[PDB]
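Scroll down for the structure; my scribbles are underneath it.
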Amino acid sequence: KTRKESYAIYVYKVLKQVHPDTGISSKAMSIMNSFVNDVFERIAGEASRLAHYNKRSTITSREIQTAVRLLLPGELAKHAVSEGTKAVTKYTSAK
Amino acid sequence: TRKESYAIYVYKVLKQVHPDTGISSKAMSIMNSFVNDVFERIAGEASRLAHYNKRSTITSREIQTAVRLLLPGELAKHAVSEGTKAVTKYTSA
Amino acid sequence: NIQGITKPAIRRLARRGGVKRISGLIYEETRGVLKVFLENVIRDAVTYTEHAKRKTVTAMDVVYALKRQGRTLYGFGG
Amino acid sequence: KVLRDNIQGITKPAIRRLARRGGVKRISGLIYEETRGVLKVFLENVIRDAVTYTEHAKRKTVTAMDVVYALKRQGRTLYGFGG
Amino acid sequence: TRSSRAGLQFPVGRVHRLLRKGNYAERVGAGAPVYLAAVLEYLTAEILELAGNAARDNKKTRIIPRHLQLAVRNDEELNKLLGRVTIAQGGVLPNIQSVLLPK
Amino acid sequence: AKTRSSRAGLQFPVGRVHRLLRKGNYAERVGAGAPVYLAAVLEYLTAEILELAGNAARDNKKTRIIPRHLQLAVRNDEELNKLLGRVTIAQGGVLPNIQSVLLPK
Amino acid sequence: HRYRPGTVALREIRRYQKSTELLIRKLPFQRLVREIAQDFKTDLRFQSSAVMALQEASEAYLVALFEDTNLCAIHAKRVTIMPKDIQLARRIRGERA
Amino acid sequence: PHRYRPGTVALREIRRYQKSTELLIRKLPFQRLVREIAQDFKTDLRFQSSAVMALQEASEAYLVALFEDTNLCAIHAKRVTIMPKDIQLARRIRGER
DNA sequence: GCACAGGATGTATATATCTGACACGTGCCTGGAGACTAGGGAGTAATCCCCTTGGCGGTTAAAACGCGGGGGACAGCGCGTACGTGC
DNA sequence: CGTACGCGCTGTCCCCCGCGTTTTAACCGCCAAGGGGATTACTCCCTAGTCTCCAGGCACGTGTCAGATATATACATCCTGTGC
Ligand SMILES: [Cl-]
Ligand SMILES: [Cl-]
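Protein chains in written order, with the authors' numbering: chain L, 28 to 122; chain P, 29 to 121; chain N, 25 to 102; chain J, 20 to 102; chain K, 16 to 118; chain O, 14 to 118; chain M, 39 to 135; chain I, 38 to 134.
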């Protein structure tokens, strides 16, 4: 019985991080999963062209970054770059 | 340095089609754009089709159905025929 | 078949649409409109099925079609 | 040297000329400012993006290509300048 | 993991796989699955935020598609982002044009 | 013949279309008929367009295709016009069309 | 008694914008879908989710459309939507020619 | 003396500008404008003269497309004169913001 | 009350001329051709079971249909003025 | 500077909305059957990768004619004038 993946459990964990005493329906869960994949493509895609445009073979956090700045509206971009630059530095801390 | 272009192939085809007729620098440029645009549009949508079907390779079956999504009717139909023709031609030779 | 899209159904959609008053000729117009819509979406959909070598049009073919057409839909396996 | 009020370069006879190629013949006086309004939101969009490409390419010069890529991005693809 | 090592809830592994396999480029940096998983995590938070709010406002403990729609269409910045997305079972915001109202 | 173009009896460089599809991250691997097919479809269209442009050039008594000629070509053809329904041609201009109600009686 | 022409209209608008349930009953719609697809390919099957997907996409679209239609009506100092509005809406959307 | 009636030169001018392709906004003003807006996003930027020319090509196209659809809105309203509100309806419907 | 010459208004058009861009020929190099291997994708065939279709009959809401009159569409008119034209 | 259009008013006629009752088929629940899609193991064709080999395609340079420019002239019409 095939082992189909999703983002479901992580959506949940983040839900708890923001609204601890709140739950979700399957129907809305699909929407959250759709949302994630759509956003993932759009950012990944932009990043991809960015590389090409600049005759370079690698999609780095930087490519991802500027992708985000083209894909997102002023404020939402702003925070996104934060969380982005943060988790990266915090990652490069640990090893 | 080398700036590649479809400038020769476009000339060739123009001469085949309107032999007493030349193209301006800008016109060429435009043409040159059009080829590249339709290239990506096709190539991209083929790429999605490979992906959607858990498939590692873009074969002319992809490039074909890509074409059937991208182009409008008469354009699509002719282009398809035109295409699968040169493949057939290509296999044999 | 098409006329299966009932006047009252079309009326409800226009209500959710914010519309107060509806001309008679609208209903039929709506139908051509809806038809064109499905056609294009189902044409693209089927093309995906034809290419997937299946006799069963999936949700994902639909979903891929709507994307193609810039009418992305969430909740059927984005 | 400092740059100020340049949108008023978009003179009224030009905003006119465009409207004519646009098939309009009768132009209300409150149109000319709305057009500048619009042209601005328009240029602010293409250049925000053009620039983001220029910044990514780590450059101080904005190229025909950064522009063209931006337009493509905004679904206003343009032929004639590379790409 | 690496979700840990970056304080993320979102699968930093999963993401690195998907970038490599989804044909975006020849090679794929170490920071990017992290940068992106984060941005993905960030944005799913903002939605879950305002939807939950909306479910409180609409007096329910569980979020249904509507609560997402309300959260989205009412947010000026999110609505743009999902400017071309129809959300299943979203409905519409209530909006009735003036001149349609009684006198 | 050596040129894969000739094997396919095509004007377009099938070697180029082949390199591009690989240096382009569309998939791991590329078939060998896909370049051919694509290189041909590219040709059909440049031909299909150049045809109508030349005619446009002709009516305007001209030896040389300038973008107005491409523009006239494109927006006069229902179908080409839709393929390029979101596209701008530098120096195109627009189609002469004046609305009824603006014409004197 | 009798409610003044247009007052249940306003009341209905309120009711439908508050709800998210689908407004075309499934089976006529479903039959319309199969008909249209048959014209593209014979002996075909649909996933029930594939039909819902279409249904959602279509309604959502039509509602959006009435919204924009309705604005054109209003632009013409009118209060009744008419086919000439839809044509203008779609024209400007760049759907229709 | 002599005096063309109102609307007579408009129709003429339309036909003039619909035959040609040459840019309608003046070249220099245009550039000053673009350099401004860009400065206010990042200082110390230069431009390929062709890159300005691109943005202008793209600009006029848009506005002419715009006026086209504005014009339709004027006509929708049994009017012949275009008005900010017309433009405004076109942009709402185009789904611009 | 209207229409057609009177006139000068702009566009059309004919001309030659002066220019610079295209179109070509030459030669130099890089990207494709050629030939070979080794490896894994995909195609094919062989089994499975899940999902789709189908057909049937009960209440039950929804579709239908008509009736009657109200208010909105639309057409006519007139006023006031803004926007086109010209210098 | 004034003309002809935006719009505000009116006035009529009918096309929609409301509402009560009469007519259809949407829906739900229940079971039944086989199509097709999903999963698995196998072999072989096809494509990536690699090397050596050379003309297709590029830049570079140069010669000329299509087209832009300048100015003269023929063709079209629109509105103002004058008279019956
Ligand atoms: Cl990285
Ligand atoms: Cl192939």
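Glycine included, every Cβ here is placed at the ideal spot set by N, Cα and C.
_Using a Cβ-based criterion (distance less than 6 Å to any ligand heavy atom), does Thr87/L qualify as near ligand 1?_
Correct: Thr87/L has its Cβ closer than 6 Å to ligand 1.
_Quick check: does the Cβ of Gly28/N come within less than 6 Å of any heavy atom belonging to ligand 1?_
No - ligand 1 has no heavy atom lying nearer than 6 Å to the Cβ of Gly28/N.
_Option nearest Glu59/I by Cα separation, candidates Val101/I, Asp106/I and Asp81/I_ = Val101/I
*If you measure from the CB of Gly37/O, is any heavy atom of ligand 2 nearer than 6 Å?*
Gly37/O: no, Cβ never under 6 Å from ligand 2.
*Does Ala135/M get closer than 7 Å to chain N when you measure Cβ to Cβ?*
no
*Under a three-way DSSP split, which group does residue 169/N fall into?*
The question about residue 169/N has no answer, for chain N in this structure spans 25 to 102.
_Checking the sheet assignment: what are the DSSP bridge partners for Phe84/I?_
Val81/J
*Per-residue burial, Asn60/P [other beta carbons within 10 Å of its own, 16 or more giving buried]*: buried
*Check: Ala111/M C-beta below 6 Å from any heavy atom of ligand 2*: no
*How should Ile36/L be labelled, buried or exposed, when 16 other C-beta atoms within 10 angstroms of its C-beta is the threshold for buried?*
Exposed, since its Cβ has fewer than 16 Cβ neighbours within 10 Å.
*asked:* For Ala103/K and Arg63/I, what's the separation of their Cα atoms in angstroms?
replied: 49 Å
*Could you have a look at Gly98/K and say whether DSSP puts it in helix, strand or coil?*
coil
_Cβ-based neighbour list, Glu56/O, same chain, cut-off 8 Å, excluding 5 preceding and 5 following_ = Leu23, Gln24 and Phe25
*So what does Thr119/L bridge to, in DSSP terms?*
According to DSSP, which records beta bridges pairwise, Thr119/L is partnered with nothing at all.
_Which of helix, strand or coil DSSP assigns to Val107/K_ = coil
*Would you mind sorting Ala47/K into buried or exposed? The rule is 16 or more other CB atoms within 10 Å of its CB.*
buried
*Using three-state DSSP, classify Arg45/J as helix, strand or coil.*
strand
*Buried or exposed (CB count within 10 angstroms, at least 16 for buried), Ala14/O*: Classification for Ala14/O: exposed.
_Measuring CB atoms only, is the region 69-78 of chain K touching the region 98-115 of chain L, in the sense that at least three cross pairs come out at less than 8 Å?_
no
*Whose C-alpha, out of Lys31/J, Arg95/J and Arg45/J, is nearest the C-alpha of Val65/J?*
Minimum Cα distance to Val65/J is reached at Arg95/J.
_Please confirm whether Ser61/L has its beta-carbon closer than 7 Å to some beta-carbon of chain N._
yes
*Excluding sequence positions up to five away, which residues of its chain have a Cβ less than 7 Å from the Cβ of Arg49/M?*
none
*asked:* Please classify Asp81/I as buried or exposed, where buried requires at least 16 other C-beta atoms within 10 Å of its C-beta.
replied: exposed
*In the structure shown, what three-state DSSP assignment does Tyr39/K receive?*
coil
*asked:* Applying the 10 Å Cβ sphere with the 16-neighbour rule, what's the burial state of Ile111/K?
replied: exposed
*Could you list the residues in the region 98-126 of chain I with a C-beta less than 7 Å from some C-beta on chain O, going in chain order?*
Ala98, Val101, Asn108, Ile112 and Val117
_For ligand 2, I want to know if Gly44/O counts as a neighbour, meaning its beta carbon is within less than 6 Å of at least one of the ligand's heavy atoms._
yes
*asked:* 7 Å is my cut-off, CB to CB: does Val87/O come that close to chain P?
replied: no
*Which one of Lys77/N, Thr71/N and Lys79/N has the shortest CA to CA distance from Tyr88/N?*
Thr71/N
*What residues of chain P sit near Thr82/N, judged by a beta carbon separation below 7 Å?*
Chain P residues near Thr82/N: none, gap ~10 Å exceeds 7 Å.
*Could you tell me if the beta carbon of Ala74/L falls within a distance shorter than 6 Å of some heavy atom in ligand 1?*
no
*Nearest to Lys105/P by CA position, among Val54/O, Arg99/O and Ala69/O, is which residue?*
Measuring from the Cα of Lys105/P, the nearest candidate turns out to be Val54/O.
*Applying a beta-carbon distance threshold of less than 7 Å, which residues of chain K neighbour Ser87/M?*
Under the 7 Å cutoff, chain K gives no residues; its nearest Cβ is about 10 Å from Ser87/M.
*Establish whether the CB of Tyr98/J and some CB of chain P are separated by less than 7 Å.*
yes
_If the criterion is Cβ atoms closer than 7 Å, does the pair residue 188/L and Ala86/K meet it?_
For chain L, the structure presents residues 28 to 122; residue 188/L sits outside this window and is missing.
*asked:* Under 7 Å, Cβ to Cβ, is there at least one residue of chain P near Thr71/N?
replied: By this cut-off, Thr71/N is an interface position.
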